[PDB]
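Colleague: kindly return the folded structure for what I paste below:
(chains A, B, C, D and E)
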Amino acid sequence: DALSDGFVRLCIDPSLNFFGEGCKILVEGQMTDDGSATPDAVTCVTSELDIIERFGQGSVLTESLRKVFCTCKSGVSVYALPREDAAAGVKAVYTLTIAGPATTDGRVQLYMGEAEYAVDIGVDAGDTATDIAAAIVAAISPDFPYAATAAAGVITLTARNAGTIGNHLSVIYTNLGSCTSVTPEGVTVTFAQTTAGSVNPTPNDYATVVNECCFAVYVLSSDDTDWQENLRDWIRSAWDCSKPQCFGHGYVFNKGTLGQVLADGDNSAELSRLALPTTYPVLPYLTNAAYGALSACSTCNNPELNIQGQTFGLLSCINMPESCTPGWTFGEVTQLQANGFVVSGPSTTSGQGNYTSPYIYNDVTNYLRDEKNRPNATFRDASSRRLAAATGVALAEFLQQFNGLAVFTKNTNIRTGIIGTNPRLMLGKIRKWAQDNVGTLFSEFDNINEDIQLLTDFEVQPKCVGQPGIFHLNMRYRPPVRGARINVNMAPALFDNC
Amino acid sequence: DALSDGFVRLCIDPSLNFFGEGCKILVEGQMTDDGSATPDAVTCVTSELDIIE
Amino acid sequence: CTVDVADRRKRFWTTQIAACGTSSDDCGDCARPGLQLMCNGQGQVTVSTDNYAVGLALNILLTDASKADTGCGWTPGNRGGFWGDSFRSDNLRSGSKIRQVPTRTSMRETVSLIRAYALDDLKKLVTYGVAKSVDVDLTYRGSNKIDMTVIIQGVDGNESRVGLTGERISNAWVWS
Amino acid sequence: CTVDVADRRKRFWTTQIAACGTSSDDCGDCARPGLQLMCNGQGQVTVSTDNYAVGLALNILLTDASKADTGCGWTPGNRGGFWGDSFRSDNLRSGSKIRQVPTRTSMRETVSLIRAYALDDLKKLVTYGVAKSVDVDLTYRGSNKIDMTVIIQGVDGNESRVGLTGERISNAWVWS
Amino acid sequence: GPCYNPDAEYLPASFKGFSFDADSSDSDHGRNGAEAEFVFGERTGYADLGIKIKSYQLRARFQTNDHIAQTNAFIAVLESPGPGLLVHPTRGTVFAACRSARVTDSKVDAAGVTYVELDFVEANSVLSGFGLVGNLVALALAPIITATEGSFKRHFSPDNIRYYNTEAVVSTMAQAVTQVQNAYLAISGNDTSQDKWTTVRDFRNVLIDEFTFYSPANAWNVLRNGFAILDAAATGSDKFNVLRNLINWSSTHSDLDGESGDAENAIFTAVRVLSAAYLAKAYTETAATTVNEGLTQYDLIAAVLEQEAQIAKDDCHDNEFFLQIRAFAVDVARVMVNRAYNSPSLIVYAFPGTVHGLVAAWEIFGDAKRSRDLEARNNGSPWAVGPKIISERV
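Modeller: Numbers count the residues shown, from 1 in each chain, chains lettered A, B, ... in the order given. See the structure here:
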């Protein structure tokens, strides 16, 4: 501006969200045909107001996303990978029969999916079953991933996305067969599951869609174990030794009985399975997305924070009514704790009915054995994985001061004025950096004298095979330890002898 | 990921020995037919997981 | 009734970054903030009311405050500020004074001065009760160029945390 | 009359070590305390009432006290404690805070911290008037293992010693 | 630190415009209160009484070939009348007043340097007078009642209306006074003191007489005093239904024509406006249980007042009463809105899942005995309140 007065000249950046763009989270899932986004191609997603138009209405992805936006408003930038539905997929169809007629006034209340799809209608006396079904179908929220239609008192719910992802709604929470103060007397409900899920997509093309496009958290909104295996292979190949790394981590789930869930696991150290019971009220991918989003959005610059507990691991965007049986029995809870499975439970004990909110125990990965079949707990905590990535990057940025520096091996007597160095001085400097990060990246140590080794290529390769300039840095570390294992030995003493 | 240059090459791997083999021991005993090791042949053991099979 | 919870307080228009678009001048691309007009289905445009805190921060940073008394004085009409400050009851001034830095050598010192001034001004965001933990990270010396990343810590419209050292600020309904 | 020498005061149920049996988990054997049911000749079960002081010590160690106010906050339902403390008259809190140590490196400092917390919490046994010289002997550093033997010094139900420095505990009827 | 630039971190000191170089910088913050030491007691009390006045102490140096002139100029500035603006090197800009300035200046021991030890005090401005803040917690009903008196006596003269209508108009007036009487008799109830016993006799002596309401002065005095006595009989909610009935009684219009209809409408307007004002004063005397409740009460009263203003503006009846009603409406707006939003600062706490009343109270406040307070605002069984709980700020 020429019209200004002073000389200090402000130039505001074109757009905000600078804070993010370092914690990119990729949500992968299916979409309907209403959306205008190209299938099988990652696309940035700015805000929430234009996901229905882009990824189809009521789809799986336009519903996971929604939870990624609900969980944390800002801090991350989300990228969608929409996947077209399968070719020969057949949508699952449940039905819901309503039998009347009504005799007294009241309200009809239902809880399908989560609390955002709930329905609450008014019913007068003398209303017939067909009218009740009509009002219910007219009041079901259109974002519920189930196209609802009415016919002569039978409500047909057809999944919007074909595949097995439609087979995860089997705990509908009605208000019709009890004595709550508001209850149309003479009406009953019946659930069915007429048809069922079908074949699922199996993409296996991550190399092409995202190859050098390093992400932080991959959320998977499907249950096909083979798709989860392809995602795991991708993240593993991203944690490789050959090509420069783009460290990431994936969040999938596994719903079923105890044996089915223990069978769906493996030594996969790159995923964090979420074990969900057979009678879970909420659709599973919703709570999976909430967990993944909280993990991706809270541990941006704090990579040691364990996402677990009623404060740091609370999923505010999930609201369940409590249940008479507590899902996983405590025995199964411990069973899953042991076999590298995440477990979520209700936070408050509110009693039957009485909406609540789930939180996460043991924010751990699905890692329990090493490469040589040696029981380990290095990569068990999902925070240890992020710490390993952060220490890799930190050491890589620290060691840049030796790029192009003159090095003196075989004489180790840098003359007066040279700006060189030698392996012992480099080892001293590196070891000082290491024991300087004690508390932020590493534990105390065990023996720093034989933990950090700096050898030259001239003494690793066989004779007349080494090259000048190449080094070999071997470091063995331990992430910061937490907690203790106190052994109380309480014992009274009636006698006294001062 | 700011590692592109090619000056430093990470190899994050929890299974890496640094101190040579060291202190070779040999355990002699009888086994059952369920094992998959050829009898009467010295082999190397690396962990306590694969010993069962 | 039970469907009560919705603060009946509304938000007026807000100034927004890049509402009027960038202005290339071969040194870079600035923002040119103004008022964003939202269209509708059938005509009927309407001014947007999103991003309240950043709007206040813009109104603070991009408005010259009253200059300090000198020995020579100022032209009757150049002494900055806003006459409307004669009627507010909080006993404070409106605007910022980062454009009034007494420039000097050793641009590190001018950096420190701009830091002091911008932090003093943006403390008014916490003082009015719209943010809680504003802070800047002005770090460069270059030739004259400088980055001045600004963070405006916010809250939500429902107290979801118990046992705080501070207090829900005053105006957590703007969503901060 | 002369019969008098026996207090009509009784003792309610008492939590007991290993009341519900040990729980092996390949790291060791815990205790899993609870309430002990004593049977009779002809049905008629009944809760036990022995080891009152150890019962209070278990009630104190194994219950979370209120967390400290942080700027981060706590979930409304995670801030520990007991609402029943709003009605007691001795102006104290209920529970311990050994599980709220701010973990740090150099496990010697963690040991000292846990010692301070355990001793501050167990002093409530003396403050209530149930023991007189409760003390801990927390001594180890290992990898994470720690041994924390606790001594609860008690009295008898009849003052058999004359000329003491202190003053008989107020609740020496539990036998401490 | 190792690269700490001092003069790029300490502010150059200056007082009242004059700049100088400082050698030290102190402050004397604090918090003053009492200290209770009850006799024979193992207990102690403390009471916070306010803010301890801040004071700054500096040491300025002058080491220059013309330090004498600089020190003389600085002395002349420090002795200027009134407090001025100070730039403390480590506290920035404040408003202080110099309180002492010792000027050490030796010759045969150290010539060339002059030192000044300065002592300033935080001097905040005042507002001459008794610094009397406003009163924006309460309604003043005097101006609206005076304006009502004016607009009533302007349009009511049972000596200047046609003879075949005076008896009707006066009977309407007596009927209005009868309504106020019934209101008082229903609101007092179990008031046994002789003051009722007289007030009832005064109402009857006024109503039985025949020539009392033929004068605007007597009629207006009876009406205002009746409303004042009805006000002073109860407090708050008790006076709601009664007053709301009155608003409905005087929500009618007169069928007479010309001046007679104007007189009767003056009666009705006086009753309705006085009832709206006193119902506002009644609402203000009780605490809002929910923000929507306070705002709904304000909506009711503002609607009544706007209706009355439109009536008093229809064909330029009286412009003046229209303006007066408009002013009283903006006043009742400020007070009722402040009451609904700020009297108790109601917040909506978000609990994970529904919880008991005692647990919710103890976690919010740290005092479970305040559970009774969470029942008047939240609906929901005492064992399951939430999962969103309205309460007061902490």
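
Colleague: and the helices in the stretch 51-200 of chain E?
Modeller: Along the stretch 51-200 of chain E, the stretches classed as helices by DSSP state H, counting those that start in this stretch are E:67-78, E:142-154, E:163-188, E:194-208.

Colleague: could those go into JSON lines alongside mean neighbour count and distance to chain D?
Modeller: Where C-beta positions appear, they are placed from N, C-alpha and C, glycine not excepted. Putting the helices of the stretch 51-200 of chain E into JSON lines (neighbours: other C-beta atoms under 10 Å in any protein chain shown; distance: least, C-beta to the nearest C-beta, whole Å) gives the following:
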{"stretch": "helix E:67-78", "mean neighbour count": "15", "distance to chain D": "43"}
{"stretch": "helix E:142-154", "mean neighbour count": "18", "distance to chain D": "45"}
{"stretch": "helix E:163-188", "mean neighbour count": "17", "distance to chain D": "39"}
{"stretch": "helix E:194-208", "mean neighbour count": "13", "distance to chain D": "44"}
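
Colleague: correct me, but residue E:10 touches residue E:90?
Modeller: Yes. Here residue E:10 lies in contact with residue E:90, judged by C-beta atoms under 8 Å, at a distance of 6.5 Å.

Colleague: show me whatever sits in contact with both of the two.
Modeller: Applying C-beta atoms under 8 Å, 6 or more residues apart in numbering or on different chains, one finds that residue E:10 and residue E:90 are jointly contacted by residue E:25.

Colleague: most centrally placed residue in the chain?
Modeller: Chain wasn't specified; assuming chain A. In chain A, the centroid-proximal residue (C-alpha atoms, centre = their mean) is residue A:292; its distance is 2.3 Å.

Colleague: hmm, I had chain C in mind actually
Modeller: Short answer for chain C (C-alpha atoms, centre = their mean): residue C:57, at 1.0 Å.

Colleague: residue contacts, residue 11?
Modeller: With no chain named, the answer covers chain A. C:28, C:30-31.

Colleague: wrong chain, I was asking about chain C
Modeller: Counting by C-beta under 8 Å, 6+ apart, residue C:11 makes contact with C:49, C:52, C:174.

Colleague: can we see that at 10 Å?
Modeller: Taking C-beta atoms under 10 Å, 6 or more residues apart in numbering or on different chains, we find residue C:11 in contact with C:48-52, C:55, C:173-175.

Colleague: among these, which ones lie close to chain E?
Modeller: The overlap between those and the neighbours of chain E (C-beta under 10 Å from any C-beta of the partner chain) comes to residue C:173.

Colleague: filter the contacts of residue C:11 to the buried ones?
Modeller: For the contacts of residue C:11, a burial check counting by 16 or more other C-beta atoms under 10 Å in any protein chain shown picks out C:49, C:51-52, C:55, C:174-175.

Colleague: now for the residues you listed, which pair is the farthest apart?
Modeller: Pairwise distances across the buried ones among the contacts of residue C:11 peak at 12.0 Å for C:55 and C:175 (criterion: C-beta to C-beta).

Colleague: that older thread, just the closest of the contacts of residue A:11 to chain E, please.
Modeller: Distance ranking of the contacts of residue A:11 against chain E, using C-beta to the nearest C-beta, places residue C:28 first at 27.4 Å.

Colleague: contacts only, for the closest one.
Modeller: The contact partners of residue C:28, by C-beta under 10 Å, 6+ apart, come to A:11, A:13-14, C:22, C:145.

Colleague: got a ChimeraX select line for the buried ones in those?
Modeller: Listed next is the ChimeraX selection for buried residues among the contacts of residue C:28, using 16+ other C-beta under 10 Å:
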select /A:13 /C:22
